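Protein chains in written order, with the authors' numbering: chain E, 1 to 95; chain F, 1 to 95; chain C, 5 to 558; chain D, 219 to 558; chain A, 211 to 558; chain B, 221 to 558.
For each residue, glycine too, the CB sits at the ideal point set by N, CA and C.
Here is the structure we will look at.
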DNA sequence: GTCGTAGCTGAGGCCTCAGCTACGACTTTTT
DNA sequence: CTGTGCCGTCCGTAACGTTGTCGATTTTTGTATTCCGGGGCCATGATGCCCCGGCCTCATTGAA
DNA sequence: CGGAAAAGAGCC
DNA sequence: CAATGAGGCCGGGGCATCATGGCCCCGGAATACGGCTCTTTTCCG
């Protein structure tokens with residue numbers, strides 16, 4: 001029982017970008033320019049705005065939080081006009 | 001009975017941006033950097049990818065289509081970290 | 005003679021789907037776009053709008069893959085616009101695209117589509133080609149579903165060829181489909197008014213849930229007397245004093261209004277006309293001064309009905325007798341449920357309710373229009389003396405209503421200014437929406453045509469002054485939208501400031517979408533959809549489909 | 219008559235109201251004046267400017283001002299909330315119920331068109347070298363048929379002789395070409411007016427004729443009359459029966475020579491054509507060059523509908539229209555139809 | 211009883227069979243890189259366990275973080291031969307682990323349970339026979355002569371008088387069953403996959419089908435380590451499986467009940483799913499070996515069935531195979547606390 | 221073998237031949253001799269290969285892990301059947317009250333005997349002679365006689381419970397050859413929950429430092445460092461360290477705090493009497509931990525046979541003898557009193 | 001396969017706006 | 001005057017070549033217990049609305 | 001009445 | 001001028017909705033074996 005999410009990072013400090021990226025690449029897969037794709041359930045979501053409320057000042061950095069459905073039927077809700085969008089799912093990295 | 005939408009325009013041609021912007025500012029309100037907010041029901045949605053399938057080449061321009069719920073209860077599903085997100089609703093421009 | 009031309013093939017498929025459907029389509033125009041028909045074009049204009057190879061006049065050995073070719077066989081009685089043809093040498097195959105998946109029906113093709121390929125083949129057979137079968141290409145799945153021209157499919161085709169001519173020439177439109185699930189998909193019910201008519205034509209039906217309003221925007225208000233309107237593409241940027249005050253999305257802008265010296269750029273006007281969007285100029289105070297047309301609302305049968313019925317004083321008299329009585333009944337309904345006193349007066353007096361609707365029976369027994377006229381004005385009058393009392397529990401500071409400063413140009417009471425405006429802008433709503441149904445508001449059965457006020461936009465406004473225009477005045481006074489400080493004086497009479505003028509307009513805008521129930525048809529109905537449902541049946545009663553008129557007495 | 223419309227050709231022009239006067243300013247400099255005295259429907263070009271005061275003034279005097287592109291390409295009108303033309307609308311509906319109104323005017327249109335056709339036969343008769351003159355027997359037979367048209371007993375009769383009158387004139391339509399047959403320009407006297415044009419010359423006529431219905435319907439609608447409520451043509455089924463009712467005499471004067479002009483100058487050529495199983499269509503290079511011929515014909519000035527003041531063809535369209543609205547409501551009887 | 215709580219689990223293990231991984235702590239990212247080229251990655255949140263098949267590389271910084279997130283890394287040999295493991299300064303409860311010292315130093319409950327393990331092994335070696343005997347003619351079901359013979363090592367196991375006779379009960383029960391395992395696979399051994407159940411028990415494999423069991427069980431033992439490193443148990447004190455180096459002696463004891471369900475059923479799918487072609491193998495360098503191409507198929511494969519939901523006999527509450535592992539383990543420490551007198555078994 | 225220590229957190233550890241030869245940057249620097257080898261101390265970010273590791277995991281040779289200063293990240297254990305035996309031996313002998321008390325009585329004399337060594341030789345409060353009073357010196361000799369037969373772990377407690385507070389009523393007389401200003405031990409508690417003295421700011425921080433190694437040196441072999449004979453475990457007691465740090469309880473933890481102030485390095489201003497006894501500065505804490513190192517690397521000899529080594533290598537040698545006394549070859553556990 | 005990785009600087013690629021100069025779309029009837 | 005086409009002009013994408021290097025718990029340790037408090041939860045309470053019909057007022061057809 | 005234990009003290 | 005029923009309102013019974021109090025549980029904070037013996041400065045006789 002999960003949710004997929006996306007992020008729309010329009011951050012207004014490179015330091016904040018890194019700690020974003022650091023924690024945000026640590027959070028979501030680099031999806032589009034200002035965008036990662038995110039896969040977060042009950043728990044760690046709270047740890048983004050935990051991480052990303054210091055990762056940002058809330059004055060200038062602007063991001064929409066892109067909080068999506070239960071991550072099992074999300075392909076209807078996507079139109080990635082160029083490069084296709086793709087979640088990363090519950091698999092064990094085998095190599 | 002409507003839906004709100006957003007757009008994540010990461011377009012890879014200025015001409016396509018304009019005809020995007022032209023039609024996309026003609027489509028959605030300039031919301032964030034690569035982003036407009038969109039408000040589209042059954043009908044005119046079809047006219048975006050109508051407009052935006054020429055507005056873009058599908059190879060290089062990349063946008064996620066951000067197709068949202070029935071536009072009456074969308075405030076739960078928003079966290080616009082800086083500048084707050086706001087739909088434009090069914091009002092008659094009075095001036 | 006020229007009484008019946010060649011039938012387009014797109015008009016034959018609809019014939020076997022529904023007759024009331026088809027007569028409306030084929031014989032003339034007024035079409036819109038739905039779930040299936042917006043998809044009807046979007047699939048088409050990318051592939052089927054663009055033409056291809058010409059059909060060779062001398063065919064020996066070559067692929068026939070023509071596209072967008074117009075046939076017209078003068079013997080069969082029909083004309084075609086073929087989607088595509090797949091032919092080798094001289095045996096062609098009618099090829100028509102569709103919208104959905106393979107239907108869960110035997111053969112994967114519904115009957116109207118089966119007739120489509122066959123007659124198209126019959127037309128292809130007409131110009132010297134061998135078709136003997138067609139196909140259905142579901143571009144959604146591209147699942148080519150072939151069909152063979154079985155003889156009875158020709159038989160139905162010719163049978164369908166002949167009945168449509170008999171029906172259209174007759175000019176009497178067939179009854180609605182009997183509670184058909186085609187109605188939800190037909191996209192006619194709001195203009196078909198099937199079980200509207202069915203229940204109204206004594207084929208007494210019980211409403212299922214209807215196929216109900218969508219696909220329209222809200223009008224545009226420009227009350228600013230120094231606004232400068234210009235195009236931002238399909239954006240329409242409202243700049244006033246050279247700064248973008250608001251922007252109007254053309255795709256969802258339904259109506260255009262101009263109050264006082266408000267300016268719009270020419271190319272913007274070039275745009276608005278393109279989308280059959282009305283531009284209703286009004287003076288600075290709501291006098292409906294002018295309007296626009298685009299080589300006219302093309303429907304004539306309703307027009308001829310109305311004139312022929314308007315040339316009939318009985319229809320002028322019968323209809324007018326229902327108008328004011330529907331008006332007066334809502335007056336008592338308005339006075340009573342809004343009745344607001346302190347003690348022993350918190351009810352409407354039977355004495356008051358004696359004579360308001362004693363006019364009804366006199367109006368019911370009005371022998372003609374003129375006696376009908378005096379009964380209304382007296383009833384209107386006796387309504388007005390009792391109108392003042394129901395604002396703010398008694399007139400507020402300066403918010404005092406006068407019955408006898410009513411019905412005259414320069415409103416020299418503030419709320420009599422308020423009543424002056426509410427009627428002033430609202431008659432347009434009849435004038436605008438009644439226009440869309442192809443009717444004529446200046447050819448009045450009841451009222452008389454004169455400049456500035458349409459003789460039927462007046463006639464149909466009779467019942468709806470209390471519900472809409474009269475009530476909004478009370479509430480705007482009552483809730484505090486309008487008070488005396490909202491009023492400024494002038495040479496003419498009582499007038500309002502810009503700020504309150506927004507305030508009454510937007511709340512007036514809000515009165516327009518409020519859901520109520522039709523007394524006859526018992527459904528949640530907004531006011532923007534009260535009037536247009538009302539306009540439609542008039543054509544039908546003018547056509548005589550409905551034996552009588554639903555007065556919408558609430 | 220009452221007055222004439224004012225054509226504000228310039229897109230740059232800035233049009234104001236000077237009390238009674240309708241002033242035209244180009245760059246704040248006066249261009250001309252209408253004085254709104256001899257005025258009628260006002261024509262404006264793309265992104266031109268009309269001040270509201272002048273706008274309202276025309277709407278105050280119930281002038282039906284139209285809107286035209288910079289090319290003059292039409293958009294639409296602007297009508298007031300006046301009873302100026304509903305009366306015409308209610309007469310036209312009420313008078314269309316009259317056979318005499320139908321039969322008389324139908325006869326009036328048929329006789330005008332027959333005269334104009336043979337008037338052309340004696341104008342552009344192009345038998346150079348041996349046949350400088352048209353056959354008087356052809357001319358007299360046309361003179362015979364118009365008499366029959368003048369004395370048409372019933373509608374099914376007038377149409378048949380009209381269609382018969384058309385065919386025999388078209389039997390010689392191929393004759394007034396560049397001197398002989400226009401090889402590569404096929405013209406059949408029999409496959410005319412069928413929905414796919416089966417000839418290149420049929421195509422030129424069909425395209426020119428179609429651009430008349432749009433010419434007339436807007437000219438018709440300029441006055442408050444219905445282009446779809448006709449006396450002589452069948453009204454229903456998407457056909458504007460009234461403009462077609464009046465355009466009948468002017469297929470010769472407005473359309474037929476247009477094919478001849480564009481063909482005898484070599485503008486229309488067989489490479490400008492395409493054939494498709496009974497479809498003879500032009501190129502858009504030809505189509506938009508063909509329309510350019512139409513405007514060149516529409517700008518020529520003709521003097522005498524009933525009054526001699528050298529009006530263009532398109533500004534004569536209203537002149538006929540307003541005169542018709544005066545036969546309606548009984549101002550000038552018999553509709554003094556303009557025929558050449 | 212009432213082991214009310216089943217372990218839910220936020221994450222799942224990570225796998226590295228490639229001998230040239232390069233696994234990166236990028237804050238939360240446990241990225242993997244391959245010859246300076248990433249192949250995949252893992253946020254540290256969704257990761258439950260880590261295993262290194264043979265030489266799989268790593269950074270102590272990741273170890274530092276992996277220990278910082280207390281995630282069990284198992285340095286393994288290439289055939290999944292369990293050779294390294296880590297525990298975070300042991301389990302903090304002694305009272306739990308002291309249950310077993312006294313219980314292990316006690317022999318009776320060992321025999322009381324060592325019985326109940328291959329009795330639980332034979333009881334469901336046999337049920338897999340009815341489930342995985344690929345018989346086609348007069349053969350669609352397993353031979354009752356074989357089935358009753360399993361009912362005999364069943365009772366012979368259940369009446370083990372010592373803890374070495376019980377061993378012989380299993381081996382013949384292995385000898386016999388695996389004699390019959392040759393029909394467990396695609397209508398009986400088809401493409402070169404002849405089940406030489408005699409090369410069963412051999413340190414290196416000769417056989418295709420005898421090169422697969424020895425890793426799944428070599429894996430089987432591996433999860434038991436963490437699966438028993440969970441409830442506070444320590445898988446080195448074998449009741450009857452004497453500690454061998456690399457052999458977690460008691461992790462070896464408790465897989466008898468589910469020896470058939472978890473390896474005897476997965477082998478009989480990959481085969482019966484055409485994953486086991488004798489050409490999918492490194493046919494030598496051990497007499498018989500295999501390739502990562504199919505290895506990557508089975509390791510994820512062995513993971514998926516491990517997330518199949520079945521009930522537990524006591525409450526019928528369906529719990530996935532990883533999640534049922536800890537449930538049966540709680541029955542121990544409580545039976546090791548003596549809380550449950552009997553030991554419920556979930557023989558299938 | 222000697223437990224090899226990877227010194228600088230920068231080098232490279234590798235297995236060439238049968239030798240875990242460590243290397244700095246492309247240079248061989250030391251040889252391990254796997255045949256007689258022991259735990260390898262992996263400091264902050266110094267690492268070994270997953271072939272030396274995958275060989276050490278094979279041979280039941282431990283691989284331990286340390287931070288930069290030396291702080292312990294978790295270990296890496298071999299899944300052998302050698303280390304558990306000692307743990308089984310540990311756990312088999314743990315519940316044996318005899319060897320428990322047999323173990324138990326052996327430390328308490330080692331702790332008591334070593335105490336009078338710290339006095340009198342690092343008693344320097346002469347006055348007339350700093351030689352610990354002969355009646356005072358014989359009391360422990362009597363107490364060691366008490367220790368020879370303490371017929372219970374509760375009698376052992378009462379003996380040591382007596383034997384503890386008394387020489388904390390004499391600690392100042394070894395401190396500064398007198399009383400340092402502030403650094404005069406209140407003849408009182410040992411900073412149990414709170415510190416209560418400048419001494420009590422050094423005499424639970426240091427013990428907390430000693431409790432470290434007597435746990436790591438015990439997991440360094442197959443011994444669960446958390447199951448003790450003397451101290452009864454109470455769900456979190458490092459009793460095995462506690463029961464067995466006792467001989468070095470004075471020998472390192474008190475010579476360090478003494479020569480932390482015997483040479484005068486630590487004064488009153490270094491610590492702040494904040495919410496307790498005192499609270500040392502980190503620089504003072506750094507010097508104390510550095511001072512801890514001076515005692516920690518102080519040379520020593522003969523754990524069981526003549527060999528001079530550091531205290532670390534001494535601080536590990538006991539447990540192997542312990543396992544060797546856990547049913548190993550040693551039948552009588554050496555006590556190593558100085 | 002040498003400490004490995006966190007953190008900072010450049011060079012290029014997206015994204016938008018203010019400020020300029022060209023221009024001067026509109027096409028039969030049907031799907 | 002409505003674009004749209006540059007024309008730039010900063011700000012929003014990443015990734016990377018330097019030298020930082022980092023960083024380390026914390027003031028023990030007797031225990032076990034019980035009770036008391038907090039918090040959450042749960043249940044019940046009343047209240048407001050919407051609804052519906054009786055009742056009133058009162059057509060208007062019926063009736064003299 | 002000083003011893004001297006014994007009490008009780010500090011604590012273990 | 002007077003009839004048998006329409007229109008509509010008054011006018012409440014019905015009940016869900018919320019929010020606070022009752023209760024229960026849980027958690028921490030503190031006190032008590034519970035409980036031994038060796039040793040060490042104010043007492044009782």
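Three-way DSSP call (helix, strand, coil) for residue i in this model
i	result
residue 390/C	coil
residue 320/A	helix
Member of the options whose CA lies at the smallest distance from the CA of residue i
i	options	result
residue 336/B	498/B, 286/B, 470/B and 270/B	470/B
residue 265/D	43/C, 342/C and 234/C	234/C
residue 23/C	213/C, 281/C, 170/C and 258/C	170/C
CA-to-CA distance, residue j to residue i, given in whole angstroms
i	j	result
residue 11/E	residue 526/C	54 angstroms
residue 551/A	residue 548/B	37 angstroms
residue 303/C	residue 46/F	30 angstroms
residue 28/E	residue 89/E	12 angstroms
Proximity below 8 angstroms, CB of residue i to CB of residue j
i	j	result
residue 428/A	residue 237/A	no
residue 157/C	residue 80/C	no
residue 529/D	residue 519/D	yes
Check: residue i C-beta below 7 angstroms from any heavy atom of the ligand SAH
i	result
residue 37/C	Inclusion of the ligand SAH in the displayed structure is not the case, the ligand content being empty and no account of it being possible.
Subject >> Positions along the segment 255-273 of chain B whose CB lies within less than 8 angstroms of some CB in chain A >> reply: 262, 265, 267, 270, 271 and 273
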